[PDB]
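Below is one structure, written out as structure tokens, with a few remarks after it.
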Amino acid sequence: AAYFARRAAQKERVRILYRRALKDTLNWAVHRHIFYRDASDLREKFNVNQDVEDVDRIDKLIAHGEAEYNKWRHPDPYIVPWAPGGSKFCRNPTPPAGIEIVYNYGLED
Amino acid sequence: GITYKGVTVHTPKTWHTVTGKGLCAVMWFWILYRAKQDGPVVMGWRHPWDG
Amino acid sequence: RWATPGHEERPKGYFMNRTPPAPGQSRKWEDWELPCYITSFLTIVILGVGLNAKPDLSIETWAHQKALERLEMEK
Amino acid sequence: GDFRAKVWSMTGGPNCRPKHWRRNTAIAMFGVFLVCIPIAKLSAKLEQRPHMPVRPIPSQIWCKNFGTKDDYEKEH
Amino acid sequence: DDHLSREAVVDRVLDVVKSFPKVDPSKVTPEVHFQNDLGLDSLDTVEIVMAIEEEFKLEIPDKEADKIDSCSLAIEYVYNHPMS
Amino acid sequence: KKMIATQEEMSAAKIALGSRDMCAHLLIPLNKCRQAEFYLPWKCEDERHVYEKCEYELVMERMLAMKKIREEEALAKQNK
Amino acid sequence: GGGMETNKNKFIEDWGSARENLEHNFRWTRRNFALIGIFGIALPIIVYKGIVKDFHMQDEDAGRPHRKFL
Amino acid sequence: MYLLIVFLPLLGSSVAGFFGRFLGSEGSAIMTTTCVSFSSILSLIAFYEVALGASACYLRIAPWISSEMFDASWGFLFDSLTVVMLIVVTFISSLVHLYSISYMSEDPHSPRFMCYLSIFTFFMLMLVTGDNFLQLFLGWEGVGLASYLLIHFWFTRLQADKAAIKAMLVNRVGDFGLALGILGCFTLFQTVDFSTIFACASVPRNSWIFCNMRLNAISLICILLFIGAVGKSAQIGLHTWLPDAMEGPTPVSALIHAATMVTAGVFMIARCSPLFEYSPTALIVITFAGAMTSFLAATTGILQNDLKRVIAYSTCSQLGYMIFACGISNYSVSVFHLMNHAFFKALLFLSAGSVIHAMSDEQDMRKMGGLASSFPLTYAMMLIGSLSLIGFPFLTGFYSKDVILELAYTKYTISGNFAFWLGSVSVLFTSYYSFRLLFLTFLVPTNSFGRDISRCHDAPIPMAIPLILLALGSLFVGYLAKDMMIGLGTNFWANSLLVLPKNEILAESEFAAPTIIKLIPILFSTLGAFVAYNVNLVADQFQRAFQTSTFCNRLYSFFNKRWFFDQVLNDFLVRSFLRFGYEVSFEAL
Amino acid sequence: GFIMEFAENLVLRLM
Amino acid sequence: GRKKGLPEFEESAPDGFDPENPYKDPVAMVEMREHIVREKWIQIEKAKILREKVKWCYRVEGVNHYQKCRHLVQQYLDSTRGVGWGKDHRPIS
Amino acid sequence: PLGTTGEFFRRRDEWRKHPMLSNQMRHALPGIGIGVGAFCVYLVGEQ
Amino acid sequence: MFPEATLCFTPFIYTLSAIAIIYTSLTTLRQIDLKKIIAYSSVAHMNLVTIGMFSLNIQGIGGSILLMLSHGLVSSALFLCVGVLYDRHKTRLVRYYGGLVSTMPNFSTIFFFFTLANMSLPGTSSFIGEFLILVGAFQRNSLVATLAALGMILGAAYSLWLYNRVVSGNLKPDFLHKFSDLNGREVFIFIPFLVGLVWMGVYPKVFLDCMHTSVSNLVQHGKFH
Amino acid sequence: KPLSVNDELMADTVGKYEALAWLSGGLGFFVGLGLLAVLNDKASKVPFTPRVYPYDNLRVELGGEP
Ligand SMILES: CCCCCCCCCCCCCCCCCC(=O)O[C@@H](COC(=O)CCCCCCCCCCCCCCC)COP(=O)(O)OCC[N+](C)(C)C
Ligand SMILES: CCCCCCCCCCCCCCCCCCCC(=O)O[C@H](COC(=O)CCCCCCCCCCCCCC)COP(=O)(O)OCCN
Ligand SMILES: CCCCCCCCCCCC(=O)SCCNC(=O)CCNC(=O)[C@H](O)C(C)(C)COP(=O)(O)O
């Protein structure tokens with residue numbers, strides 16, 4: 001089971017780390033012309049380590065990677081305006097369905 | 001609008017460009033005209049007529 | 001946008017959430033509306049025609065004509 | 001959506017555009033004028049100007065309390 | 001103001017996957033697998049998914065971002081989303 | 001400079017307190033002409049410049065005295 | 001679903017019942033003793049001393065002797 | 001003619017809010033815009049008649065609260081100070097109403113927005129045209145109510161409601177300070193009228209027993225009143241609400257936050273000047289608070305990436321400048337800078353809103369660039385506003401801010417030196433962040449998305465007329481009103497403002513100072529512009545320090561997260577009070 | 001003739 | 001049936017009320033209380049007229065209000081020392 | 001423009017060099033030429 | 001009736017009233033029941049009233065009578081609003097309520113108006129009495145006035161926070177889905193409160209002038225000077 | 001999933017005490033500048049004598065005894 005679970009789950013945490021690192025790298029380096037070198041170096045960090053084949057030493061590398069990312073993460077990242085946490089989120093939302101309005105509610109007899 | 005690679009940029013109408021250029025030119029001309037009038041006073045080179 | 005006639009013929013939703021009456025008929029009043037409307041009319045009549053017609057008896061009007069009289073006599 | 005067309009609101013609801021808003025707008029403007037007339041008539045009466053203006057000002061056409069409180073010693 | 005049709009989505013997504021240095025643009029069908037038909041690194045899949053994200057101006061929640069591993073799923077996701 | 005604007009005429013022009021300095025006599029016609037010109041910043045220049053010259057003369061005559069008294073303070077202390 | 005009445009949830013309802021049945025949850029612990037002997041026994045005394053001393057200082061400023069506020 | 005200035009917005013709001021179902025989204029705009037515009041033209045004649053004709057009008061309708069001596073009638077006082085604020089409030093409001101006609105052209109609930117704008121205008125007119133401390137307080141609290149109602153105009157959002165409730169809490173502490181000040185005013189003079197209090201404001205030289213302390217009667221009242229200004233004007237103590245209050249519509253930020261309702265504290269200080277002049281202790285506090293605010297906002301606003309949030313710390317810094325300008329006991333310069341800023345800050349907000357609206361509501365400067373060619377008009381309009389803001393020579397922000405800065409130098413006291421230093425560094429920081437906003441939004445290589453650029457439409461007619469009018473204002477009004485307001489010996493203010501003969505330094509400010517002191521802002525602005533160009537437009541981007549230096553990352557977080565005010569203040573006050581109200585008050589009592 | 005007169009002379013009678 | 005006009009209260013201290021023992025004749029006590037209230041209201045509406053005079057002196061004069069209203073200001077603040085049921089400064093009426 | 005990641009993202013941004021969006025420094029000061037020309041006309045015409 | 005005892009017990013009533021105004025207003029934030037939040041908005045007002053009565057001046061005793069009437073209208077109108085909510089939806093927990101601004105707009109407007117009245121906003125009958133009581137207590141003790149003035153801060157906090165839960169927000173169709181705005185009876189019942197709350201808030205001189213002759217014979221009873 | 005008892009009130013890179021320390025340093029910067037302004041003693045270096053108004057410093061016009 002470990003050959004498919006205890007190792008492959010790390011092969012998915014690493015994708016998570018790469019994605020959150022790439023978005024943060026783009027956030028810090030505002031200009032596109034500068035983002036390219038930074039992103040290349042960022043992948044070079046992951047690409048150099050791909051020599052690892054034993055869990056005995058990779059797991060702490062992933063832990064240190066998450067620790068490092070959580071330290072250099074941008075204090076104010078970029079969020080799409082209509083994405084959750086954005087500025088246009090829930091501005092004029094589509095009203096929920098199934099809600100009905102009853103007439104002549106309070107009428108004597 | 002002109003398309004370079006898929007994306008297109010709509011050209012602004014003549015009214016906007018003319019108005020923007022006119023307002024900016026008025027700003028520059030007003031700044032220069034004021035500089036010729038009381039620029040030396042601000043520079044401290046000569047009083048209004050104080051001395 | 002400032003020329004086209006509107007789409008909504010009549011305001012959305014009925015007023016006071018009441019189905020409007022049968023054609024060629026009227027909104028039959030409840031058993032409380034007339035005794036409450038005559039009371040909300042006589043109340044306004046009594047207050048408006050009564051508070052604006054009662055004499056201006058007060059301690060801020062009697063004293064403003066007793067101090068205005070002695071503040072003059074000191075001279 | 002669908003249920004918000006069955007809710008009566010004084011403001012009018014979302015995307016409200018009555019068929020005869022032009023006539024309603026004209027009536028509303030005319031009523032505002034008719035309710036602003038008495039307000040102006042009252043304002044022209046309770047306004048007090050202790051100082052005569054430097055130059056003839058338009059308020060001397062309707063207002064009449066110009067240079068009246070100059071004898072403040074007899075105020076009440 | 002109209003959600004672009006599926007084939008229009010196909011055009012741009014295939015353009016994005018085509019414009020990649022490591023891939024071979026010789027045969028790129030909409031029904032391909034990144035790690036089984038094009039033979040790519042695992043990490044460069046994240047880059048392609050991102051480039052899709054900024055292209056359509058949509059933010060994929062990170063959990064199902066890695067779920068996109070084929071051009072088929074990418075088109076379906078960037079199509080069923082209404083705000084795109 | 002010995003005062004020319006007496007108390008009664010300064011009151012008549014309603015010169016704001018703090019502007020009733022040694023330069024008030026020039027201030028009265030200047031304030032008369034500012035009102036007649038809607039306080040425009042390019043009508044009343046002859047009147048404004050004379051008053052401003054008066055103010056500058058006052059300030060300079062006061063700064064000179066302050067420099068003199070500071071010099072007197074400096075002279076005494078270091079020559080003790 | 002022809003009823004205006006709410007579809008009450010067992011979690012919110014029991015939560016509300018627990019948050020309204022706090023009467024029998026006093027346990028006379030030292031934390032409760034602290035919270036009832038500070039913010040129930042000291043703060044009222046501090047406030048009362050404040051008003052009394054304020055009245056005393058108002059009295060002394062006018063020169064009148066202190067009033068027996070007791 | 002003068003009740004029509006104050007009640008036209010109210011009548012517009014009572015017809016666009018009660019009968020908006022018959023007028024729709026077009027009639028509810030026409031009604032309110034027409035009413036506010038007629039009020040604005042009536043304010044223009046009021047300016048021609050009261051300020052230029054020098055004949056104030058005093059109008060009393062009826063008594064409101066008539067106790068034994070607590071008399072606060074329904075009175076309106078139109079003097080030089082009142083009319084100057086009128087020609088600003090009723091003009092900016094009338095332009096924002098026209099702006100919202102095209103801005104709220106797709107939003108469903110446009111009529112209620114216009115009703116709220118009109119009711120805000122009416123409350124501001126009640127505030128400025130106030131004869132008592134209560135009719136002033138009525139407007140003072142109604143205006144905060146309108147601000148709260150307009151911040152969460154999109155009630156579906158959660159951040160809008162949080163910002164609206166925080167604004168109300170801060171404004172309510174401000175109203176607490178103001179309420180205590182008003183109570184103090186009655187205890188001495190036994191009146192709340194402005195004429196009687198300002199006439200008898202010199203005689204009292206007595207002491208009170210306040211909160212177990214023997215203080216000075218006038219000084220305590222002045223400090224309590226200044227607390228209200230701190231609450232409303234977003235000063236050092238109470239400012240966090242203003243940056244968060246940007247969640248509302250852009251016309252809301254341009255009107256109730258940029259131009260008006262933050263200048264309410266400055267106006268209250270300026271009007272109560274015949275009272276603040278007799279408490280020298282309070283003036284020191286005002287100067288210190290203004291100096292602190294003008295530096296804190298400037299330091300906070302240099303690292304924001306939100307377009308609207310940068311133009312809020314600018315307002316906070318300008319308010320600090322105006323406040324410590326009153327601290328030097330020069331209220332004419334404070335009102336002059338207030339009226340100047342209400343022209344090049346409303347313009348900035350309107351142009352920013354025009355950019356945001358066209359870019360599909362994109363607010364992050366990191367995701368816009370190269371908009372100068374696409375948006376010619378709005379680029380020019382932001383250039384004019386930014387150059388006015390930084391204080392470019394011979395422009396609207398040059399005739400007031402330079403005077404403010406030279407006045408602090410000639411105030412030879414401990415408090416004046418502090419204000420001079422902080423307000424001189426704030427010029428450099430203001431130039432830096434203003435030019436950063438200009439560069440990132442308009443002149444950098446494009447960093448936006450393809451979809452945003454494809455859907456681009458510049459400002460149409462209803463959103464361009466207010467912009468052009470504000471540009472003409474920010475070009476010429478400073479020069480036009482330089483002589484009447486901050487001239488030597490001017491009688492424009494008449495009895496509106498009182499400066500005692502002892503503390504007036506206007507002449508020395510012009511001719512007692514080295515020429516260098518009159519050029520420090522013009523040099524710091526150039527330095528800031530150069531820094532903002534060199535770190536953004538041509539930079540090798542040494543940001544790697546922000547990724548390797550722990551201190552740099554924490555330092556970046558400090559300025560970005562508003563000096564850690566919200567986090568610390570929340571955790572140590574709000575959370576503590578919430579824990580109290582349950583754990584002690586309800587749990588064990 | 002006018003309501004105010006009758007109202008005044010009625011309130012005075014009541015008082 | 002009241003007669004049209006302002007109320008008529010006789011202006012004289014009720015005979016019988018001797019401050020040595022206030023609770024001796026109850027009838028005079030209530031009359032004395034009402035009378036004292038009446039002169040306190042008179043001295044309040046007299047201090048408000050002076051406030052009106054000061055208010056219209058500050059507005060008509062303008063900048064010169066510091067010398068033209070000095071008499072009125074001190075008169076008003078002298079008649080405000082013993083207004084009535086207010087600050088601790090209570091008149092010995 | 002260096003590395004596989006950089007090359008990819010750089011190749012994706014080949015639309016940012018759109019002529020209308022490419023250079024914006026040339027439009028940094030919109031009306032400086034016309035304003036300077038008018039001021040020169042004013043300065044020469046006066047004498 | 002007891003002039004000599006009221007003066008000696010005045011600090012006691014000030015202390016009790018101030019601590020009640022503080023504690024009750026802080027407790028109100030942590031309630032979940034709609035009718036238990038309003039019932040805690042009455043204790044603070046009725047303890048602010050007992051500061052005015054014991055100040056023994058025209059602004060205090062005279063303003064307490066106006067605050068009593070204003071409370072008798074505002075609280076009895078908020079309880080009517082809660083009854084409106086309860087009669088349709090048989091629940092009182094604030095959690096179940098939200099987004100009523102979209103389905104019950106007239107009720108939202110009326111509830112907002114009475115929330116504004118509850119927080120002592122000027123132009124409403126509550127502000128007149130609140131400010132009169134404050135100016136009647138500052139003249140006697142400056143400290144008690146500050147403690148009473150924090151009361152309006154806490155009241156304006158919880159009064160708008162309750163409304164933000166109940167009216168504004170998103171709808172919750174899982175809990176409750178059928179709605180009905182105010183009926184004919186309900187609007188007509190709320191009308192005399194809307195008219196009697198503004199009439200007392202803009203021109204309270206109609207009520208005050210009927211009491212000064214009687215609230216001044218009360219302010220001085222044992223005093224003869 | 002029973003609700004928590006305190007379910008009515010519900011800068012990640014900082015802690016309350018650490019951020020308080022940073023805020024205290026930032027606000028002590030102002031105190032340091034204030035003490036520096038005190039040390040500068042600008043009052044002693046005023047370049048002009050106090051202004052002297054006529055008619056005994058405008059005593060009568062400022063409410064003084066006539
Ligand atoms: C009392 C002194 C202070 C006065 C302040 C006045 C400020 C306004 C007070 C009431 C504001 C209403 C807010 C509560 C309701 C929230 C919005 C609402 O639902 O109200 C309705 C009703 O519209 C109104 O808001 C009318 C109330 C305000 C307009 C009338 C006020 C009259 C002028 C102000 C009062 C005059 C005197 C003020 C000075 C003392 C609007 O519905 P819609 O905009 O169409 O959107 C709702 C969504 N849906 C359509 C799906 C239901
Ligand atoms: C369709 C409604 C939709 C919502 C409406 C929102 C609210 C709109 C209404 C606002 C309030 C209107 C009331 C007018 C307030 C301003 C005018 C004050 C009244 C006034 O000045 O006149 C006084 C009383 O006369 C009078 O005119 C009294 C008549 C007033 C009748 C009011 C009836 C209210 C019923 C309340 C019943 C409960 C009462 C509380 C126990 C007399 O003044 P004076 O004495 O100085 O005269 C001296 C002469 N000698
Ligand atoms: C904000 C700060 C930005 C982030 C800074 C850097 C943070 C991370 C730095 C530390 C991370 C590392 O070096 S360690 C992360 C990767 N290092 C390794 O040694 C992994 C060995 N290789 C594999 O597990 C597989 O090959 C796999 C990669 C799954 C590919 O899947 P395929 O088998 O199909 O190719």
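Identifiers in this document derive from the order of the structure tokens: chains are assigned A, B, ..., residues are numbered from 1 separately in each chain, and ligands are numbered from 1 in order of occurrence.
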Restrict the calculation to only C-alpha atoms, then for each residue of chain I with any atom at most 10 Å from an atom of chain J give the closest atom pair and their distance in Å to one decimal, rows by chain and rising residue number, as JSON lines.
{"residue": "I:8", "atom": "CA", "partner": "J:4", "partner_atom": "CA", "distance": 9.1}
{"residue": "I:9", "atom": "CA", "partner": "J:4", "partner_atom": "CA", "distance": 8.7}
{"residue": "I:10", "atom": "CA", "partner": "J:1", "partner_atom": "CA", "distance": 9.6}
{"residue": "I:11", "atom": "CA", "partner": "J:1", "partner_atom": "CA", "distance": 8.7}
{"residue": "I:12", "atom": "CA", "partner": "J:2", "partner_atom": "CA", "distance": 5.6}
{"residue": "I:13", "atom": "CA", "partner": "J:1", "partner_atom": "CA", "distance": 4.7}
{"residue": "I:14", "atom": "CA", "partner": "J:1", "partner_atom": "CA", "distance": 6.0}
{"residue": "I:15", "atom": "CA", "partner": "J:1", "partner_atom": "CA", "distance": 4.9}
Contacts from chain C to chain H, 10 Å maximum, only C-alpha atoms: show me the residue list as an mmCIF file with N, CA, C and O atoms, in the first residue's frame.
data_model
loop_
_atom_site.group_PDB
_atom_site.id
_atom_site.type_symbol
_atom_site.label_atom_id
_atom_site.label_comp_id
_atom_site.auth_asym_id
_atom_site.auth_seq_id
_atom_site.Cartn_x
_atom_site.Cartn_y
_atom_site.Cartn_z
ATOM 1 N N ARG C 1 -31.118 54.467 -23.995
ATOM 2 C CA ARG C 1 -31.367 53.991 -22.641
ATOM 3 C C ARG C 1 -32.317 54.934 -21.908
ATOM 4 O O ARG C 1 -33.003 54.534 -20.968
ATOM 5 N N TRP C 2 -32.366 56.190 -22.352
ATOM 6 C CA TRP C 2 -33.222 57.196 -21.729
ATOM 7 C C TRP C 2 -34.364 57.587 -22.669
ATOM 8 O O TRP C 2 -34.954 58.664 -22.580
ATOM 9 N N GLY C 6 -40.421 51.475 -20.611
ATOM 10 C CA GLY C 6 -40.110 50.418 -19.673
ATOM 11 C C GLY C 6 -40.829 49.115 -19.974
ATOM 12 O O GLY C 6 -41.799 49.063 -20.726
ATOM 13 N N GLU C 8 -41.596 46.781 -17.209
ATOM 14 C CA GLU C 8 -42.489 46.539 -16.084
ATOM 15 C C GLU C 8 -43.733 47.411 -16.198
ATOM 16 O O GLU C 8 -43.668 48.625 -15.985
ATOM 17 N N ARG C 10 -46.601 47.268 -14.331
ATOM 18 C CA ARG C 10 -47.037 47.624 -12.992
ATOM 19 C C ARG C 10 -45.987 47.157 -11.997
ATOM 20 O O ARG C 10 -45.311 46.152 -12.238
ATOM 21 N N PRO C 11 -45.820 47.871 -10.870
ATOM 22 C CA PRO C 11 -44.764 47.503 -9.912
ATOM 23 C C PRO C 11 -44.817 46.051 -9.463
ATOM 24 O O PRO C 11 -45.892 45.505 -9.194
ATOM 25 N N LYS C 12 -43.647 45.423 -9.388
ATOM 26 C CA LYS C 12 -43.557 44.013 -9.038
ATOM 27 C C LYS C 12 -44.042 43.779 -7.613
ATOM 28 O O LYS C 12 -43.707 44.530 -6.694
ATOM 29 N N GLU C 60 -43.067 79.109 30.903
ATOM 30 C CA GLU C 60 -42.078 79.765 30.065
ATOM 31 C C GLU C 60 -42.663 80.922 29.269
ATOM 32 O O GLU C 60 -41.922 81.618 28.569
#
**Study point:** Exercise: segment 4-18 of chain G partners within 10 Å, only C-alpha atoms, chain neighbours under 5 positions left out, as a PyMOL selection string
**Key:** (chain A and resi 100-102) or (chain G and resi 23+25) or (chain L and resi 31-33+86-91+93+95-97+173-180) or (chain M and resi 1-5+7)
Writing out the chosen residues with N, CA and C atoms as a short mmCIF file (atom, residue, chain, number, x, y, z; two decimals), in the first residue's frame:
data_model
loop_
_atom_site.label_atom_id
_atom_site.label_comp_id
_atom_site.auth_asym_id
_atom_site.auth_seq_id
_atom_site.Cartn_x
_atom_site.Cartn_y
_atom_site.Cartn_z
N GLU A 100 -40.32 30.91 -2.20
CA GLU A 100 -41.61 31.43 -2.64
C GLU A 100 -42.15 32.46 -1.66
N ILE A 101 -43.04 33.30 -2.16
CA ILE A 101 -43.66 34.37 -1.38
C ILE A 101 -45.16 34.11 -1.35
N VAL A 102 -45.74 34.12 -0.16
CA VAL A 102 -47.15 33.84 0.02
C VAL A 102 -47.90 35.15 0.21
N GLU G 23 -28.06 28.01 33.64
CA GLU G 23 -28.37 28.25 35.05
C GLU G 23 -27.79 27.17 35.95
N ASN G 25 -25.18 25.33 35.41
CA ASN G 25 -23.79 25.07 35.08
C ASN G 25 -22.80 25.82 35.97
N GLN L 31 -26.14 37.30 23.49
CA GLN L 31 -27.42 36.61 23.43
C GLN L 31 -27.69 36.12 22.01
N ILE L 32 -28.51 35.08 21.91
CA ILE L 32 -28.80 34.47 20.62
C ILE L 32 -30.29 34.58 20.32
N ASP L 33 -31.09 34.79 21.36
CA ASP L 33 -32.53 34.92 21.19
C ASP L 33 -32.88 36.35 20.78
N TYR L 86 -41.96 36.17 14.49
CA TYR L 86 -42.26 34.90 15.14
C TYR L 86 -43.56 34.29 14.62
N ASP L 87 -44.56 35.12 14.34
CA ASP L 87 -45.86 34.60 13.93
C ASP L 87 -45.78 33.81 12.64
N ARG L 88 -45.01 34.30 11.67
CA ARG L 88 -44.80 33.57 10.43
C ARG L 88 -43.85 32.41 10.66
N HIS L 89 -42.65 32.72 11.15
CA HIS L 89 -41.62 31.70 11.37
C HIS L 89 -41.51 31.39 12.85
N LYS L 90 -41.95 30.20 13.26
CA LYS L 90 -41.99 29.89 14.69
C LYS L 90 -40.60 29.63 15.25
N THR L 91 -39.77 30.67 15.28
CA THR L 91 -38.44 30.57 15.88
C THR L 91 -37.99 31.96 16.30
N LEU L 93 -34.36 32.23 17.31
CA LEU L 93 -32.91 32.25 17.23
C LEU L 93 -32.45 33.12 16.07
N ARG L 95 -29.77 32.88 14.48
CA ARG L 95 -29.05 32.10 13.48
C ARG L 95 -29.94 31.75 12.29
N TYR L 96 -31.21 31.44 12.54
CA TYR L 96 -32.12 31.06 11.47
C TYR L 96 -32.50 32.22 10.56
N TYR L 97 -32.26 33.46 10.97
CA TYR L 97 -32.73 34.63 10.25
C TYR L 97 -31.58 35.29 9.51
N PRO L 173 -32.15 29.21 2.28
CA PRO L 173 -33.31 28.41 1.87
C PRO L 173 -33.36 27.02 2.50
N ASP L 174 -32.25 26.54 3.08
CA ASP L 174 -32.29 25.26 3.77
C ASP L 174 -33.15 25.33 5.02
N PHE L 175 -33.09 26.43 5.75
CA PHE L 175 -33.84 26.58 7.00
C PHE L 175 -35.29 26.97 6.72
N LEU L 176 -35.48 28.11 6.07
CA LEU L 176 -36.79 28.69 5.83
C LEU L 176 -36.83 29.30 4.43
N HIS L 177 -37.95 29.10 3.73
CA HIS L 177 -38.04 29.47 2.32
C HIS L 177 -39.28 30.27 1.97
N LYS L 178 -40.36 30.14 2.74
CA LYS L 178 -41.57 30.91 2.45
C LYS L 178 -41.60 32.18 3.29
N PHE L 179 -42.01 33.28 2.67
CA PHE L 179 -41.99 34.59 3.28
C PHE L 179 -43.31 35.31 3.03
N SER L 180 -43.56 36.34 3.83
CA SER L 180 -44.69 37.23 3.61
C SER L 180 -44.40 38.54 4.32
N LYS M 1 -21.85 17.00 14.39
CA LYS M 1 -21.03 18.20 14.49
C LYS M 1 -21.71 19.28 15.34
N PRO M 2 -21.83 19.04 16.64
CA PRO M 2 -22.49 20.02 17.51
C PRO M 2 -21.74 21.34 17.50
N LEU M 3 -22.50 22.43 17.52
CA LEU M 3 -21.90 23.76 17.46
C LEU M 3 -21.18 24.09 18.76
N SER M 4 -20.11 24.87 18.63
CA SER M 4 -19.36 25.32 19.80
C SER M 4 -20.18 26.31 20.60
N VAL M 5 -19.90 26.38 21.91
CA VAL M 5 -20.64 27.30 22.77
C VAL M 5 -20.41 28.74 22.36
N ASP M 7 -20.04 30.10 19.46
CA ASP M 7 -20.24 30.21 18.02
C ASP M 7 -21.12 31.40 17.68
#
Per residue of chain K within 12 Å of chain H, what are the shortest atom pair and its distance in Å to one decimal, counting only C-alpha atoms, with rows by chain and residue number, as CSV?
residue,atom,partner,partner_atom,distance
K:12,CA,H:450,CA,11.1
K:13,CA,H:447,CA,9.4
K:14,CA,H:450,CA,11.2
K:15,CA,H:450,CA,8.3
K:16,CA,H:446,CA,6.2
K:17,CA,H:446,CA,8.5
K:18,CA,H:446,CA,9.4
K:19,CA,H:373,CA,9.9
K:20,CA,H:373,CA,6.4
K:21,CA,H:370,CA,5.3
K:22,CA,H:445,CA,6.5
K:23,CA,H:445,CA,7.3
K:24,CA,H:443,CA,5.3
K:25,CA,H:443,CA,6.3
K:26,CA,H:443,CA,9.5
K:27,CA,H:372,CA,6.9
K:28,CA,H:443,CA,7.0
K:29,CA,H:380,CA,8.5
K:30,CA,H:380,CA,7.2
K:31,CA,H:380,CA,9.0
K:32,CA,H:380,CA,11.6
Point to revise | Residues within 7 Å of ligand 3, counting only C-alpha atoms and all ligand atoms, as a ChimeraX atom specification | key: /A:10-12,14,17,21,24-25,42,45-47,49-53,58,61-62,64-66,68-73 /E:41-43
Check your understanding: Residues at most 8 Å from ligand 2, using only C-alpha atoms and all ligand atoms? Could they come as a ChimeraX atom specification?
Key -> /C:40,43-56 /L:69,191-200,202-206
Exercise for review: Give as a PyMOL selection string every residue of chain J that touches chain G within 12 Å, counting only C-alpha atoms.
Suggested key: chain J and resi 87-90
Point to revise | Spatial neighbours of residue 5 of chain L, max dist 10 Å, only C-alpha atoms, sep filter under 4 positions, as a count of residues only | key: 5
Exercise for review: Can you work out the spacing between atom CA of residue 25 of chain H and atom CA of residue 110 of chain H in Å, to one decimal?
Suggested key: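 Taking atom CA of residue 25 of chain H and atom CA of residue 110 of chain H, their separation equals 5.9 Å.
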Exercise for review: Output the neighbourhood of ligand 1 as a ChimeraX atom specification, that is, all protein and nucleic acid residues with some atom at most 6 Å from the ligand, counting only C-alpha atoms and all ligand atoms.
Suggested key: /D:4,9-14 /H:13-14,17-18,109,112 /L:101-103,105,108-109,112,123
Check which residues of chain G sit at most 9 Å from chain H using only C-alpha atoms, and return one row each with the closest pair of atoms and their distance in Å to one decimal, ordered by chain and rising number, as CSV.
residue,atom,partner,partner_atom,distance
G:22,CA,H:587,CA,7.3
G:23,CA,H:587,CA,8.6
G:25,CA,H:587,CA,8.6
G:26,CA,H:588,CA,7.4
G:32,CA,H:588,CA,6.2
G:33,CA,H:588,CA,8.6
G:35,CA,H:584,CA,5.8
G:36,CA,H:588,CA,6.2
G:39,CA,H:584,CA,7.6
G:40,CA,H:589,CA,7.2
G:50,CA,H:212,CA,6.9
G:51,CA,H:212,CA,8.4
G:53,CA,H:212,CA,7.1
G:54,CA,H:212,CA,5.6
G:55,CA,H:209,CA,8.9
G:57,CA,H:209,CA,6.8
G:58,CA,H:209,CA,6.4
G:61,CA,H:209,CA,8.6
**Study point:** Exercise answer, chain H residues close to chain F, 7 Å and only C-alpha atoms, as JSON, numbers by chain
**Key:** {"H": [52, 480, 483, 484, 489, 490, 491, 500, 501, 504, 507, 508, 511]}
Exercise for review: Just the residues within 10 Å of residue 57 of chain M, please, counting only C-alpha atoms, with nothing from its chain fewer than 2 positions along; format it as a PyMOL selection string.
Suggested key: (chain F and resi 18+20-21) or (chain H and resi 501-502) or (chain M and resi 51-55+59-62)
